[PDB]
Amino acid sequence: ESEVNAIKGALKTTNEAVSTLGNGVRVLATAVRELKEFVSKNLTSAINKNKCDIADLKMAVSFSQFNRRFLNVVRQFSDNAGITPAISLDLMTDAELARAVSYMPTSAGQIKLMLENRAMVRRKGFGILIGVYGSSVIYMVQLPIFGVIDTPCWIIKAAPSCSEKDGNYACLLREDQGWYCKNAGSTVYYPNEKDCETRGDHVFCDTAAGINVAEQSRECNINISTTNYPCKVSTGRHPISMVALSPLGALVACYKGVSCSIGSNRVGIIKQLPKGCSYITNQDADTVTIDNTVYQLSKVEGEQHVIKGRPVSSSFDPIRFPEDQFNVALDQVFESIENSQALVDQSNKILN
Amino acid sequence: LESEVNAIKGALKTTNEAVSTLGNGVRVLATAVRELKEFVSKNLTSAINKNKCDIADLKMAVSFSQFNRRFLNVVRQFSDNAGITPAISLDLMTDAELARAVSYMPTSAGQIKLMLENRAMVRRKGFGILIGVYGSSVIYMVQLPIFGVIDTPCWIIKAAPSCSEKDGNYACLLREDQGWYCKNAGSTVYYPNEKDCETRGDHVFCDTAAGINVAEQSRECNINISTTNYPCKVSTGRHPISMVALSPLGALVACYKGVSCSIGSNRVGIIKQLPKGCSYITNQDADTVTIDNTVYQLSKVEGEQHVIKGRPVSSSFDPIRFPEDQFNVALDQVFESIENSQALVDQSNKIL
Amino acid sequence: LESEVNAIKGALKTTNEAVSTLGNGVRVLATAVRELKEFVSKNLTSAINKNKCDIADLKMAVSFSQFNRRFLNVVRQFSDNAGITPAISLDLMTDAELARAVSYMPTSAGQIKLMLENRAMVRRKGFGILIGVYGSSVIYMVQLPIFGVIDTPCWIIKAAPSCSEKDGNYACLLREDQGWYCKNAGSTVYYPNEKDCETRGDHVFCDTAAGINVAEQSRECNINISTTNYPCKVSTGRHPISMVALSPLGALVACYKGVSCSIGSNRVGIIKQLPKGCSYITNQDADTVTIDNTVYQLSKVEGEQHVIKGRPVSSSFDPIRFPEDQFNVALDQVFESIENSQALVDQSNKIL
Amino acid sequence: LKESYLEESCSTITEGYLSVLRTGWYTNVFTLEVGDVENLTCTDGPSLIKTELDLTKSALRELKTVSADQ
Amino acid sequence: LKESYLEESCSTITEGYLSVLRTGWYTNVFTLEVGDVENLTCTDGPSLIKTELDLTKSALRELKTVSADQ
Amino acid sequence: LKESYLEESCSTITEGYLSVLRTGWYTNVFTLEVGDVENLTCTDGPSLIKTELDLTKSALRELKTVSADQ
Ligand SMILES: *[C@@H]1O[C@H](CO)[C@@H](O)[C@H](O)[C@H]1NC(C)=O
Ligand SMILES: *[C@@H]1O[C@H](CO)[C@@H](O)[C@H](O)[C@H]1NC(C)=O
Ligand SMILES: *[C@@H]1O[C@H](CO)[C@@H](O)[C@H](O)[C@H]1NC(C)=O
Ligand SMILES: *[C@@H]1O[C@H](CO)[C@@H](O)[C@H](O)[C@H]1NC(C)=O
Ligand SMILES: *[C@@H]1O[C@H](CO)[C@@H](O)[C@H](O)[C@H]1NC(C)=O
Ligand SMILES: *[C@@H]1O[C@H](CO)[C@@H](O)[C@H](O)[C@H]1NC(C)=O
Ligand SMILES: *[C@@H]1O[C@H](CO)[C@@H](O)[C@H](O)[C@H]1NC(C)=O
Ligand SMILES: *[C@@H]1O[C@H](CO)[C@@H](O)[C@H](O)[C@H]1NC(C)=O
Ligand SMILES: *[C@@H]1O[C@H](CO)[C@@H](O)[C@H](O)[C@H]1NC(C)=O
């Protein structure tokens, strides 16, 4: 029994080893508890909060995207307080514009022609905010019907024609100046050049400015001294020096104390004009000068810019977990549990 | 018979090998739990706070656009037009503000009321001017029309060429009176072009600069044109002019010589050929006046009628739950079996 | 002492069930740690990476709108006005760009200076034309004004009817000169309507199309109207016209026959009745001229004064730590209890 | 085009233009509606989408004051 | 309204309108300020709100160039 | 400024203004490009930025109908 005293001491040491290792396992459980309820409560709550803010912003952006046309129409009618100067792309899309023109009361060929200038159709037309009921905006767009197209059209410019005999001046000046467009049974006359807009060879005329004139008025473009029509021409006794621009040129009337010359923009004066009426082409000069006032004959072409936006990049950099090293150690633990328990059944069932 | 003791000895040693085995298991689980606590604590929390940060950035950006809509919109409009606005937009001055200013205007109660009723017109006939940008403040001025003269009788005279013929010779009388007339104190105001006045219901809003004050007796030109009391404005011509002049409630047609003038309807082309001379037709008499092959519309032509609704905006919020009850059941289980372990080794140390 | 070793037998028999009970407890702890790691690693990082993806999506959308503001705004403007722009907007061409073009212009240094000083007018009197789109590129042209004649004397002529009475009968003369006159080299430009020229400080920006060239002697109408050197356009009438004509600095009143023309104030009413006849009053003499009940403002009436500030934008950044000390102590504590229990199991096996 | 100088009247005729004259008006009516939006009840207080609707609801409430019907 | 055809002059009168004539100008002055924005010091590098602010700052610098007073 | 009343013509002349008259046109041409944007493949369903791009692509497709060339 020198052995049984020692064996008692030894089992007690063992029961102390289990009690101490147990107090360790209990503390390890308390640590996993604080980690488990940090994750359950503090961590998943914060991610769902971010999930909620994220879903908020996705909804906001989508609202702005899925209702763009609507939101633009509100912007435009607010900015002009109910009346759009033009038919914007948002008020009526190109598909809609072409289908409406495709139902206008005209011939197929005029529809074709209108279809060709639908930009002008948009600018000469307009939009009206009719009403806001609840969440709807009701408006009407008003489109021009161009029933007359491709008829002869021309524009008249003039300068003072002064003749002098013995100190006195006799000045005739046409007062016909402006746009003439031909029409069925008459010609329409638009007195100010601003009353008609040119887009290519086509001339877009505001109906309100038009005054119907007799076709015979075109005889003034052959012989001014025609007896068939009363050509509107005014007379004066004083010389007036001035510059009148044409599409393709200019009329200059140089009289009395003025220095009229034709020049270029890079180098200077190239030719002095005589006193009287000079007609110059867009290809003869770039400038007509009266004393110190210089007139441009053509549009002066300037710089040419090119700008590209800054690039947009993605910021997605996901996260994962190094699972292999961990998951193998925990598998090991479940075996260290099962090996030891099987060993204590051995030990305990060795007692026979 | 004390071999028994040795068998118990081998058994206890095998036991302490099992306690060590479960212990080295607990150790491997503790190191595994340590890396899980520092994966969640570091790599996971920092990724969440990064997203919490970007979320808050985006939230600030969108909130910024919301809390400063009026400011940003006013800046936008003054940028699109370089300092001036065609009308007093809703962003420049709110409806409440418009009504407060108009109720302060220096006029009588009824005129204040009428402006109050047509705030659309007040906005369009007014405008806004950018005064200056100082630091982060934008300062601007709105100019509102003061409609001080209201409700006086108003009318618009339209006219066409009246040609008479005696054996291939033409005498053509044309009123030059045409335009808007508005009755005023001490005079009647004449607006020569129809675009010079805008129609809203029975009310006619009129650009003040266009107005020409004429003697009251000019009214008599609408009873006897050949009146001796006033110099009635009428022009003479020698040539026939066939044309269409549109009225508010109808249209005037002038047919002369070789032109085929008719009034038509929609569906059916033409319903009546007009006499040579001057004819007056109602908006309710026909829908169309035709001069040769050119078709003129008497009223606005009603086209399609569209209705469009945006795509529905839906929520993407799909939060996360943690299965805390069952997990907590496993922890309650562990803490109980541990306390049971201490109590069974307490009985064991009390058995010896 | 046989029964003592029997007690040791029963004690160890209970002991290894206590170690086994603790083992199935550590095992359940492992089952908890396994499901907690699989929830954090799989279900949680997935939800985080998803939000990281949404985060990057939304960040890309707003960044896109930021890095491409100008491009998107230019498209907005051309769509709202269908290809043309009423003005040279800030987006179509920046201040630097405007200033470099103006400096390159074909005119004198002082005119470059003046346009540069009035860059608003350059923008508004100019405009933009959408030339074309192609893929993702917008191509458009900006048209700037060339202000070649500057600082030359200019004035404006306002007039009212001058009516005379003899035996209760009337003869009235009224100037028809009214409008803008600017002096050009060798001629005088006359702008018949008041809206044709815009006043910005002492300078007058006159719409070119409106200008009519008249002989210099027309200045003579402002000394003797019946001067024989120029045929002054003056109309005669037989009927009285009482009216108010507003001047920059004042107003002309014409009171004839039956109307009560008075001068008034804005707060207090009528203050003094005017003579019958032609009266001229200054902006500092009264603030209103009244004809019967139509009250005219001599100057713009200055109103209320607002100050508006947006709501403050705040941050919602609320990060997250982990109380790591309290956890970290428990895990180091467990690892030391692990090595002491194991060392205790080495002493236990040692005595034997 | 072709621009001819008339020395007798010191004038110019420029011909070759082609006409586009308005002879009537054709009108379409449009009705635009806002898409439906789900109630986002998971934010504390001020949600961003709720505020975008209350912004566009007031923009429409104001835009009404200038409707033609009135 | 009442529209009468005057056969003697080939002309038409349309009566029944009521006048609305502008007699003066009334002006209000507005001062709009941007709201205060907190500094977002959590981002790495460019923040979205910091760049939105310097974008509105640039828009104002350019808008200043077209102000009414010199 | 100085505005003097002419009693003979019941009229007023106002002098001291300075002329500013347009004599020509100076023109610049611009080419604006959209910045490159990286494709976001974590999509799940539609992306928000692809929708902002497909939106600006449709806006430009529509705007090409109003380009000056024709
Ligand atoms: C964790 O959340 C609780 C309430 O859910 C709170 O009282 C505690 O302070 C939070 N701890 C941390 C570090 O956020
Ligand atoms: C056309 O010109 C000639 C002179 O060349 C002359 O007979 C007259 O001025 C004009 N014709 C008529 C019929 O007046
Ligand atoms: C996780 O975070 C740590 C910093 O605490 C870093 O060193 C490591 O590279 C990160 N990534 C991993 C572990 O995949
Ligand atoms: C119309 O006026 C003139 C002149 O007053 C007169 O000769 C004529 O008889 C008048 N007509 C009628 C029907 O009174
Ligand atoms: C996430 O958790 C749910 C239950 O909470 C489970 O059905 C699912 O399989 C888990 N993993 C994934 C990838 O969804
Ligand atoms: C105005 O012209 C007439 C013409 O006979 C002249 O008699 C009169 O003296 C002139 N007045 C002045 C002030 O020069
Ligand atoms: C959204 O929910 C809140 C409370 O749950 C409610 O008060 C509010 O009216 C709701 N709004 C809508 C549009 O349903
Ligand atoms: C915002 O914070 C940064 C941090 O360095 C600082 O430099 C910057 O000046 C701050 N901006 C303002 C407007 O305070
Ligand atoms: C994603 O973007 C790439 C170019 O960066 C593009 O070629 C690809 O087609 C896009 N993916 C789609 C349209 O599914």
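Using ideal geometry, Cβ is built from the backbone for each residue, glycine included, and neighbour counts are taken over all protein chains shown. Just so it is clear, none of the values below were taken in a lab; they were calculated from the coordinates.
I'd like the full set of residues that are more than 39 Å from the chain's Cα centre (by Cα) and in contact (Cβ under 8 Å) with a residue 12 or more places away in the chain, limited to the range B:186-219. B:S187, B:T188, B:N213, B:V214, B:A215, B:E216, B:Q217, B:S218, B:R219, listed by residue number.
To keep it simple, each residue is scored yes or no on (1) more than 30 Å from A:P144 (Cα to Cα); (2) under 19 Å from the mean Cα position of the chain (by Cα); (3) not in a helix (DSSP H, G or I).
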| position | (1), (2), (3) |
| --- | --- |
| A:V27 | yes, no, no |
| A:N50 | yes, no, no |
| A:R69 | no, yes, no |
| A:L89 | no, yes, yes |
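Taking the criterion of being within 13 Å of ligand 7 (Cβ to nearest atom), free of Cβ contacts under 8 Å to residues at least 12 places away in the same chain and assigned to a loop (DSSP other than H, G, I, E, B), the residues of the range D:32-70 that qualify are D:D36, D:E38, D:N39, D:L40, D:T41, D:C42, D:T43, D:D44, D:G45, D:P46, D:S47. Kindly provide the set of residues from the range B:200-232 that are out of contact with any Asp or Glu (no Cβ under 7 Å at 6 or more places or on another chain) and within 10 Å of ligand 4 (Cβ to nearest atom), ordered by number. The answer is B:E220, B:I223, B:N224, B:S226, B:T228.
Among all residues of the range A:252-263, there is at least one that is under 40 Å from the mean Cα position of the chain (by Cα), surrounded by 15 or more Cβ atoms within 10 Å (Cβ to Cβ), farther than 29 Å from C:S218 by Cα and away from ligand 9 (no atom under 16 Å from the Cβ). If you go through the range C:13-46 and keep only what is of a type in the set (G, A, S), closer than 30 Å to F:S47 by Cβ and buried (at least 18 other Cβ atoms within 10 Å of the Cβ), you end up with just C:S41.
Out of the residues in the range A:197-217 meeting the condition of being buried (at least 19 other Cβ atoms within 10 Å of the Cβ) and not in a strand (DSSP E or B), tell me which one is nearest to ligand 8 (Cβ to nearest atom). Reasoning before the result, please.
Of the residues in the range A:197-217, the ones buried (at least 19 other Cβ atoms within 10 Å of the Cβ) are A:202-205, A:210, A:212-214, A:217.
Next cut, not in a strand (DSSP E or B) only: A:210, A:214, A:217.
Working: A:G210: 60, A:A214: 73, A:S217: 71 Å.
My answer is A:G210.
Are any of the residues in the range A:309-330 more than 16 Å from ligand 7 (Cβ to nearest atom), buried (at least 16 other Cβ atoms within 10 Å of the Cβ) and in a strand (DSSP E or B)? Scanning the range A:309-330, I find at least one residue that is more than 16 Å from ligand 7 (Cβ to nearest atom), buried (at least 16 other Cβ atoms within 10 Å of the Cβ) and in a strand (DSSP E or B), so the answer is yes.
Got a sec? Which of B:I131, B:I150 is out of contact with any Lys or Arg (no Cβ under 8 Å at 6 or more places or on another chain), free of Cβ contacts under 8 Å to residues at least 24 places away in the same chain and in a strand (DSSP E or B)? Answer to the selection: B:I131. For the range C:77-107, a residue qualifies if it is part of a loop (DSSP other than H, G, I, E, B) and touching a residue at least 40 places away in the same chain (Cβ under 8 Å), and the qualifying residues are C:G83, C:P86, C:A87, C:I88, C:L92, C:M93, C:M105, C:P106, C:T107. If you go through the range A:24-59 and pick out every residue that is within 9 Å of chain C (Cβ to nearest Cβ) and either within 16 Å of ligand 7 (Cβ to nearest atom) or in contact with a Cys (Cβ under 6 Å, 6 or more places away or on another chain) (or both), you end up with 1. Residue pairs whose Cβ atoms lie under 8 Å apart, separated by 6 or more positions or on different chains, with the first residue in the range A:214-241 and within 14 Å of chain C (Cβ to nearest Cβ) and on the phi < 0 side of the Ramachandran plot and the second away from ligand 4 (no atom under 16 Å from the Cβ) and among the aromatic types (F, W, Y), are A:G236/A:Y169; A:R237/A:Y169; A:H238/A:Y169; A:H238/C:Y230; A:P239/A:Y169; A:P239/A:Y255; A:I240/A:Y255; A:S241/A:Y255.
For C:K37, state whether it is charged (D, E, K, R), facing chain B (nearest Cβ under 7 Å), without any contact (Cβ under 8 Å) to a residue 40 or more places away in the chain and in a helix (DSSP H, G or I).
Numbers: charged (D, E, K, R): yes; facing chain B (nearest Cβ under 7 Å): yes; without any contact (Cβ under 8 Å) to a residue 40 or more places away in the chain: yes; in a helix (DSSP H, G or I): yes.
Considered against the rule, which asks whether it is charged (D, E, K, R), facing chain B (nearest Cβ under 7 Å), without any contact (Cβ under 8 Å) to a residue 40 or more places away in the chain and in a helix (DSSP H, G or I), C:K37 comes out as yes.
Can you confirm whether the range F:12-31 contains a residue that is farther than 30 Å from C:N283 by Cβ, more than 7 Å from chain A (Cβ to nearest Cβ), part of a strand (DSSP E or B) and out of contact with any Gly (no Cβ under 7 Å at 6 or more places or on another chain)? Give the steps one after another, and end with the answer.
The first filter runs over the range F:12-31 and keeps only residues farther than 30 Å from C:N283 by Cβ, leaving F:22-31.
Those left that are additionally more than 7 Å from chain A (Cβ to nearest Cβ): F:22.
Applying the additional criterion that residues be part of a strand (DSSP E or B) yields F:22.
Filter once more, keeping what is out of contact with any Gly (no Cβ under 7 Å at 6 or more places or on another chain): F:22.
Yes: the range F:12-31 contains one or more residues that are farther than 30 Å from C:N283 by Cβ, more than 7 Å from chain A (Cβ to nearest Cβ), part of a strand (DSSP E or B) and out of contact with any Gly (no Cβ under 7 Å at 6 or more places or on another chain).
Among the residues of the range A:92-128, the ones that are outside any helix (DSSP H, G or I) and within 14 Å of chain C (Cβ to nearest Cβ) come to 6 in all. Taking the numbered list (1) within 14 Å of chain B (Cβ to nearest Cβ); (2) under 24 Å from C:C197 (Cα atoms) in turn, C:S108 passes all entries but (1). Yes or no: the range B:4-12 includes at least one residue that is more than 8 Å from chain A (Cβ to nearest Cβ), surrounded by fewer than 22 Cβ atoms within 10 Å (Cβ to Cβ) and under 30 Å from C:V40 (Cα atoms). Taking every residue of the range B:4-12 in turn, none turns out to be more than 8 Å from chain A (Cβ to nearest Cβ), surrounded by fewer than 22 Cβ atoms within 10 Å (Cβ to Cβ) and under 30 Å from C:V40 (Cα atoms).
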